[PDB]
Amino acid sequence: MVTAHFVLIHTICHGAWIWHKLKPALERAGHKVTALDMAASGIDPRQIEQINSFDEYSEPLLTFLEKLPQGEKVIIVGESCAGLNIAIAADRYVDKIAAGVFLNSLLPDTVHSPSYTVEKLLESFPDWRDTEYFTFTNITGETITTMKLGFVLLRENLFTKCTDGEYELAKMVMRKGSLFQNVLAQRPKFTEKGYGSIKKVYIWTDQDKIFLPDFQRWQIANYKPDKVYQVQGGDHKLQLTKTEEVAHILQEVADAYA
């Protein structure tokens, strides 16, 4: 069918590694795939304590788009919190983005503060269990809250139905992350001409034990995506539990937005 360039964007704490099954799957279909580490994530050499906002955290994505050859367009696929990276990138490089794909992901809008969908997430899922929290003071004095995801939360809430090998992989390479929420709160709203004007495709499952059904339904309702795909079964990490199905869906996205 149509071939495309997917850019895969992991969530906070995680890394490009999270896409290790989906990347080859897509490449079996002849697509070009780039999986990037965001700052202080995966094997990026920076530590979270030197990162000051979610925009700074997004730097590898923005640098990648900047260097993207003119006339090429990419499809940016984002899991969980990475919808925020998609929104940010789209406000700087709208013309390089054929579509944005949201995979059990935060779905930001242009009408509320950037932090809105984060507030709502925490409203629906306030207890992160054995997760530990730390703080540091960023370069203009704002207290930033970082987290180290608890293994029980990993096992039961994120990687629920993943194999033991995958869960174990997650513990071996997980890093600290931050929502940068108090900094997001002060951030200008995402623009209609950038983020608002990209095609948006929302993939999810009702079996997600952290991005819960009412919350995801609420997101779809708050800000209508061009297409919604619901996948049966699986867990929060569909790129692991439902790899082939997600690949196929991404093909249809390519077919549509080209």
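Note that residue numbering follows the sequence shown and begins at 1.
The PDB entry records a higher mean C-alpha B factor for 120-128 than for its counterpart among 96-104 and 120-128.
The deposited model assigns a higher average Cα B-factor to 185-193 than to the other stretch when 185-193 and 54-62 are compared. Per the PDB record, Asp226 has a higher Cα B-factor than any other of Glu49, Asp206, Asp37, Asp226. Per-chain ranking of the deposited C-alpha B factor places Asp91 in the highest third. When all modelled residues of the chain are sorted by CA temperature factor, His248 is found within the highest third.
Among all modelled residues in its chain, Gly233 ranks in the middle third by Cα B-factor. When all modelled residues of the chain are sorted by CA temperature factor, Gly141 is found within the middle third.
Sort the chain's modelled residues by C-alpha temperature factor and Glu79 lands in the lowest third, per the entry.
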